[PDB]
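> Sharing a structure below in structure tokens format, with a few things to ask.
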Amino acid sequence: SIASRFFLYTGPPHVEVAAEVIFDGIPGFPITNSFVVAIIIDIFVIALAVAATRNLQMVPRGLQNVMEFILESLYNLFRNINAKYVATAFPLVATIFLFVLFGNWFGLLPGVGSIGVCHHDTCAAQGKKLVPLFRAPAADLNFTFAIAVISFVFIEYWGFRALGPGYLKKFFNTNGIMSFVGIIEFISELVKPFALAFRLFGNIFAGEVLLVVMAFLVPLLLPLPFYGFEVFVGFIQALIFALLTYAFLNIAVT
Amino acid sequence: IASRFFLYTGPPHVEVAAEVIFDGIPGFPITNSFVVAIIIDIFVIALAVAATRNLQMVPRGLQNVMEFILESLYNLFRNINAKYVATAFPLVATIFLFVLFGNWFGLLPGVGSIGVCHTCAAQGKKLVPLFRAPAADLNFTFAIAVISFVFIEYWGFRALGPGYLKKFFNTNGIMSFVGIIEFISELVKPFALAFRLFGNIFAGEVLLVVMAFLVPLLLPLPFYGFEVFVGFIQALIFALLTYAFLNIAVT
Amino acid sequence: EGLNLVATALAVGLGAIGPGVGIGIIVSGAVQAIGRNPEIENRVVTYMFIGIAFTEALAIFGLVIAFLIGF
Amino acid sequence: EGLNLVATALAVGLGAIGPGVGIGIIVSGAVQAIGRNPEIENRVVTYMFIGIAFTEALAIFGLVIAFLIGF
Amino acid sequence: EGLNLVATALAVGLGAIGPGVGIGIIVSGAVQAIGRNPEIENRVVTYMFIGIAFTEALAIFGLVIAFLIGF
Amino acid sequence: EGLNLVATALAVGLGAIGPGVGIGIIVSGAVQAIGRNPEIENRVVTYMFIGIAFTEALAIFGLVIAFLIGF
Amino acid sequence: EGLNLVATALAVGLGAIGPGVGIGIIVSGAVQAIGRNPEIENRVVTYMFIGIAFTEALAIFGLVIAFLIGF
Amino acid sequence: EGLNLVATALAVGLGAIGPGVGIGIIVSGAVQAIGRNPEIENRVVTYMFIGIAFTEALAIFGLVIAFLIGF
Amino acid sequence: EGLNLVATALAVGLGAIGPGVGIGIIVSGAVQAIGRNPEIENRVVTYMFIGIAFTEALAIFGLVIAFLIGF
Amino acid sequence: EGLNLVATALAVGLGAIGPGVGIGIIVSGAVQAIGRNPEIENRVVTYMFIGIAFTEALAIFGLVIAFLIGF
Amino acid sequence: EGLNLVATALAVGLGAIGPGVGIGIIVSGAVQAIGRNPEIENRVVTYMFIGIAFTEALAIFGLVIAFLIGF
Amino acid sequence: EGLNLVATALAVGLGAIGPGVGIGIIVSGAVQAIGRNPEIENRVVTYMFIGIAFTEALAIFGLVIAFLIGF
Amino acid sequence: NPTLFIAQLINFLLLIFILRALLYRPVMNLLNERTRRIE
Amino acid sequence: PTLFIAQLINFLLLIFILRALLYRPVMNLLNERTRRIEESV
Amino acid sequence: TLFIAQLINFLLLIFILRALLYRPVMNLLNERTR
Amino acid sequence: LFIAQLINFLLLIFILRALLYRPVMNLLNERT
């Protein structure tokens, strides 16, 4: 079944849009193809949380155990990184990992690159062009930019509060060592959130492009190692994003 | 502060060329390189006769300096090979002494400035520099490289039987596939030597000339130091490589 | 002209050069760690796998950019 | 003219090779240190991960430059 | 004017330079490790294999893209 | 003309490749030092971070020049 | 026109850049393993030959691509 | 004729590549030596700076050429 | 024009750096092994001269094609 | 034409790539040797400075041609 | 046309980068093994010079090719 | 045209990375050896220095070609 | 607008974080109870 | 569209392949959690 | 006119070398004589 | 000019050989 592309040719990679597309027409702010998926992922997270913590059984079992294990692992990792600031940042770093992970896995779901609304696929026969539905929020720059700037504001606030006025201007008055490194540190901190957002943006985007291209080459048994690589790298990207945020906080305070 | 303030001497001077033949009015015309080679030979002869005119125990002064320089070279060559350290000593010792003073001569005031012509540059004369470093020419350097290669081949054949051409063009298997280019490398050992010695002095003197054009004073002093260093390194290293090649040939 | 083809080829090749030495260093270090008291096998293979995951992520970045240029 | 395609190719290829060897050496040193001792593995894993983060920052900067050039 | 030929050349060369330097490190590290001790033996062997396989994928692209250009 | 695009790509990539391997080597050395001796990691961490900043200065210089050429 | 000749030359040059250093690392590691101890020489020589064949695969890929472009 | 832009871009990138890896290996060696022996802190780091204050200095020269494009 | 000369330049220059460093790596590994143990010189010598030859072959291709350009 | 600016940039960059990592390797080796035994400080520093002088001589060799291109 | 001159420059350049790192590795391994065992200081020297002659032949071939196309 | 002018820039700039890294590794290895053993302080000075010249010679090669193109 | 879309995404992320704070609080309480039982 | 069918087939194959190896690890993690709960007593 | 600058540079270099290397060279020569 | 340079080098080599034969003999006598 290696040459199955002859019977089923996927066609050219129509999915090459480098921006969010409005799914439902709205007079005000439209709902983008990534915003609906973000809402769906939030709904799924709420559903699993309310399923796990509805009873609050003493001995964890089943779904409660599964939810507890990952949270405990994240708590232990963050305690390993820093001691006293885990509780101050645990919800934000925890939700920045779980929320983007399911969206990352949502990209691997069937129909992420094919199912869509009208404005050779299916809608090319009709006059209206074919746009994809179910686009991961991480594939959209707006969501990544928002979470990166939220994390940046958080670390700035918790560095200013931790070191008082010192974090306001580091040790610029040294003039021996912390004179040119200080501005270097400041510009590094300036480019840090852009790197954070772009890391999640490019990885998922390249994931969609690779998944579509592999279908174009051979849409049977060829994109399976790439599918495994992508489902692994989405979780790994979420984990490294959370760990990077907490480590940036830890180096900010100290 | 120590500002340059040498705009008068900062005129455009980026002239560079290969060996420049001298007037050579008589037959067999000479070059500017082969009057510097002659004067370095005269200087070496004068130093040798100064060291030789009074030889006695407890060396002191110029004689002690000559003994220390010669004994250091003898120790360095013995550390490589002790069998031929006396059989090939005069050649390597002559190579080091002749080149080193030739390299240091290019740093004297007048090298690249004293124009033989027919200095004399306001006019239309060629203003050929009288003092050109002998090691910065592809004639003297090629001559010493080829005579070193001849010495290596002769002594590499003096005691090897017909076995010198056994490491090359052999039928030992894989040794054949490396035996040819090994000979070919042996072919290019003199050339690689000459282009090594010719360029380094030429590169240094051109660097000094260019730095003179950029800022005439207080800029090129570290480069003058680096060049007076690297000249002695090159002079020593040519003899060291000659001895090492001879040792690897006899073995 | 065929300059687009040259762009695609240069993209894929120069996106593949980095990972080639990358995963090589990764696996060399991992096997070296294994050879010294092979008792931490699980951890070392997991860290090697996440490292090569990042490395192949850059490789896939280069590959997909080259493919998109091929369009 | 197609020179934009060559620009994107150059950007992605350079941003790919730049850190690939970097992250390879990162994880190689990390796994070597882990093999030396597993007691402080977490503390040094944090540092190797932030180094990988900086390398990815460089790589993705190179990648988004190519994306900007493409549009 | 024949830019596809140089495109294929760039593809092959820049996609083979990566594996060329990679595989040598890949299996050389394991060779010196197993020279240090032969007890673990083939348990490490598959690793370089899959490691080679990883960069082999790059090598595959280093041909495949070129094979796309050449025909 | 499109020469600005290849200019920006050249700037970012060529100024990013060096710092990538530089930071990789820096963090790998700090990793090795911490693993063999974790008591003095504080000075080790400080020196590693100042080195990271030193090379990130060059990386940011390249990125800023690329941005300036872009606009 | 002339692009075919430079294409073949670049193909062979960048198909030799990789396997050269790869073979170098291969032989260095193998001979170090030999220097460690005897009685494992045959296995590590077989592994070294495997690595040599792996690099020669890329070498002959570049060579045959250059020959095909020459035709 | 935007050759000035690609000129300054290539200048800064290729003057940043070298000092980056130079600083990387400098810091790696320095932190390794520091981990080996603490009380040499004031001495070795000075040589580190003696290296580092050279490395980026050379980079500035390349950056100077970049600024010389604006001259 | 001079495209044939450019091809000769690419063939002689590129494709020699690979073996140019491979020879050094091979002989340095052999020398390190022979210093750590001189009682296995013969075998080392064999594993020397084959490996050199192999990567020398990689140089040889990059030579001969250049001569083939000379015709 | 503006190609002279490109020539200056090429000269400075390609002359900076080499010594930029050369001086780094010099300092790394010297600092590692000092850390191994802090009693050979003077000789090690002198040889390190000799290496620095040679590498900076290479850098100046690039710089003077870069300036002469402007001439 | 000056294409012959740039071809000559490229030929000598990429012919010169070949040996340099190689011979550096050669004599670095040689001096390291000599320091490891001062007793062996004759065979190591011969094999180091043999390797140097092996690798510098490529540079000499590049130089003579550059000279041939320069006249 | 300025192509001849850029040819000298390539000639001087190229063939500097090779000898630069060679000088770096030569001095690093020699300083490491003399640190491990001061008794070899004579020999380690001699051999490394001639190796220096080797690397240096290569750089000078490229440099002279620049002038061979510059005038 | 793109700015409006970014602001809306930020608001959605903040709301998700606030909601997960309730979920994290039950998880924290469960972990504290487990630690107390261990104590 | 045929893209939807191809994506569904690929997703089904990938899910089966991943589950064939993840059944052991998820069950092992659940067993470890159950053992910890039992050790709590 | 470059002759004056070359002479000045050579004199400065000779003075610097003599000032910074007379004592060690003289000590080495005296030790060799002894 | 190459032949002239080689002849001059050979003459200088002979002169330095005589000078060293005097100095090598002097050093050997000092050693004994």
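> How many residues does segment C:53-71 hold that are among the β-branched types (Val, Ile, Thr) and either farther than 17 Å from D:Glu56 by Cβ or at the interface with chain D (Cβ under 7 Å from one of its Cβ atoms) (or both)?
Filtering segment C:53-71 for residues among the β-branched types (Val, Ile, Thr) gives C:55, C:60, C:64-65, C:69.
Applying the additional criterion that residues be either farther than 17 Å from D:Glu56 by Cβ or at the interface with chain D (Cβ under 7 Å from one of its Cβ atoms) (or both) yields C:55, C:65, C:69.
Adding up the residues that qualify gives 3.
> A follow-up question, please. Could we say that J:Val12 is buried (at least 24 other Cβ atoms within 10 Å of the Cβ) and more than 7 Å from chain H (Cβ to nearest Cβ) here?
Working: buried (at least 24 other Cβ atoms within 10 Å of the Cβ): yes; more than 7 Å from chain H (Cβ to nearest Cβ): no.
When the stated conditions are applied, J:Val12 does not pass them.
> Which of the numbered conditions does B:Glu19 fail, given that it passes all the others? Conditions: (1) among the acidic types (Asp, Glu); (2) in contact with a helix residue (DSSP H, G or I) (Cβ under 6 Å, 6 or more places away or on another chain); (3) in a helix (DSSP H, G or I).
Unmet condition: (3).
> May I ask you to verify whether G:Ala33 is of a type in the set (A, V, I, L, M), crowded, with 24+ Cβ neighbours inside 10 Å, farther than 30 Å from I:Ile65 by Cα and in contact with a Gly (Cβ under 7 Å, 6 or more places away or on another chain)? Show your work before the answer.
On the way: of a type in the set (A, V, I, L, M): yes; crowded, with 24+ Cβ neighbours inside 10 Å: yes; farther than 30 Å from I:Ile65 by Cα: yes; in contact with a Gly (Cβ under 7 Å, 6 or more places away or on another chain): yes.
Spelling it out, G:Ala33 is indeed of a type in the set (A, V, I, L, M), crowded, with 24+ Cβ neighbours inside 10 Å, farther than 30 Å from I:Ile65 by Cα and in contact with a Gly (Cβ under 7 Å, 6 or more places away or on another chain).
> Among the residues of segment L:15-23, is any touching a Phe, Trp or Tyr at 6+ places or on another chain (Cβ under 8 Å), of a type outside the set (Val, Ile, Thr) and assigned to a loop (DSSP other than H, G, I, E, B)? Please lay out each step first, then the result.
Applying the first criterion (touching a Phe, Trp or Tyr at 6+ places or on another chain (Cβ under 8 Å)) to segment L:15-23 yields L:15-16, L:22-23.
Narrowing the set further to residues that are of a type outside the set (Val, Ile, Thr) leaves L:15-16, L:22.
Okay, now just the ones that are also assigned to a loop (DSSP other than H, G, I, E, B), so L:15-16.
Checking segment L:15-23: at least one residue is touching a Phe, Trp or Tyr at 6+ places or on another chain (Cβ under 8 Å), of a type outside the set (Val, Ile, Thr) and assigned to a loop (DSSP other than H, G, I, E, B).
> For A:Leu71, indicate whether it is outside any loop (DSSP other than H, G, I, E, B), more than 8 Å from every other protein chain (Cβ to nearest Cβ) and under 30 Å from N:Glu32 (Cα atoms).
Numbers: outside any loop (DSSP other than H, G, I, E, B): yes; more than 8 Å from every other protein chain (Cβ to nearest Cβ): no; under 30 Å from N:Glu32 (Cα atoms): yes.
Spelling it out, it is not the case that A:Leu71 is outside any loop (DSSP other than H, G, I, E, B), more than 8 Å from every other protein chain (Cβ to nearest Cβ) and under 30 Å from N:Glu32 (Cα atoms).
Per-residue answers, yes or no, for (1) touching a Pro at 6+ places or on another chain (Cβ under 6 Å); (2) in a helix (DSSP H, G or I); (3) surrounded by 10 or more Cβ atoms within 10 Å (Cβ to Cβ); (4) facing chain A (nearest Cβ under 7 Å):
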{"position": "N:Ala6", "(1), (2), (3), (4)": "yes, yes, yes, yes"}
{"position": "N:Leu12", "(1), (2), (3), (4)": "no, yes, yes, no"}
{"position": "N:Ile17", "(1), (2), (3), (4)": "no, yes, yes, yes"}
{"position": "N:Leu22", "(1), (2), (3), (4)": "no, yes, yes, no"}
{"position": "N:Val26", "(1), (2), (3), (4)": "no, yes, yes, no"}
{"position": "N:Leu29", "(1), (2), (3), (4)": "no, yes, yes, yes"}
{"position": "N:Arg33", "(1), (2), (3), (4)": "no, yes, yes, yes"}
{"position": "N:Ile37", "(1), (2), (3), (4)": "no, yes, yes, yes"}
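> If you don't mind, there's one more thing I want to ask. State all residues of segment D:26-47 that are within 9 Å of chain C (Cβ to nearest Cβ) and acidic (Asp, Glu); if no residue qualifies, say none.
Selection gives D:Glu41 alone.
To keep it simple, each residue is scored yes or no on (1) closer than 21 Å to A:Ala146 by Cα; (2) buried (at least 16 other Cβ atoms within 10 Å of the Cβ); (3) more than 11 Å from chain M (Cβ to nearest Cβ); (4) not polar (S, T, N, Q).
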residue: A:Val17; (1), (2), (3), (4): yes, no, yes, yes
residue: A:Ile31; (1), (2), (3), (4): yes, yes, no, yes
residue: A:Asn76; (1), (2), (3), (4): no, no, no, no
residue: A:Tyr85; (1), (2), (3), (4): no, yes, yes, yes
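> So, one more: So which helices (runs of 4 or more DSSP H) stay within segment A:110-225 end to end and still have 2 or more residues that are buried (at least 20 other Cβ atoms within 10 Å of the Cβ) and more than 14 Å from chain D (Cβ to nearest Cβ)?
Details: elements: A:141-163, A:166-169, A:181-217.
So the answer is A:141-163, A:181-217.
> What's the number of the only condition in (1) outside any loop (DSSP other than H, G, I, E, B); (2) under 29 Å from A:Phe194 (Cβ atoms); (3) of a type outside the set (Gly, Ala, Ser) that A:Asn76 fails to meet?
Every listed condition holds for A:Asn76 apart from (2).
> Could you identify the single residue in K:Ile50, K:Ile23 that is more than 7 Å from every other protein chain (Cβ to nearest Cβ) and over 21 Å from L:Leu3 (Cα atoms)? Steps first, please.
Values: K:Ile23 fails: more than 7 Å from every other protein chain (Cβ to nearest Cβ).
Only one candidate passes the filter, namely K:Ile50.
> While we're here: Find the residue count for segment L:30-53, including only residues that are more than 15 Å from the chain's Cα centre (by Cα) and in a helix (DSSP H, G or I). Walk me through how you get there before you give the answer.
Initially, segment L:30-53 is screened for residues more than 15 Å from the chain's Cα centre (by Cα), giving L:30-46.
Now narrow it down to the ones that are in a helix (DSSP H, G or I): L:30-36, L:38-46.
Going through segment L:30-53 one residue at a time, the tally reaches 16.
> Hey, another quick one. So is F:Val31 touching a helix residue (DSSP H, G or I) at 6+ places or on another chain (Cβ under 8 Å) and under 28 Å from H:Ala30 (Cα atoms) or not? Working first, answer last.
On the way: touching a helix residue (DSSP H, G or I) at 6+ places or on another chain (Cβ under 8 Å): yes; under 28 Å from H:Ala30 (Cα atoms): yes.
Taking the combined requirement at face value, the residue satisfies it.
> Identify all residues within segment A:124-171 that are closer than 15 Å to A:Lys192 by Cβ and within 12 Å of the chain's Cα centre (by Cα); write none if there are none.
Correct list: A:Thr144, A:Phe145, A:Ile147, A:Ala148.
Because the Cβ atoms are built from the backbone with ideal geometry, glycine has one as well, and the counts that use them run over all protein chains shown. No value in this document is a laboratory result; all are computed from the given coordinates.
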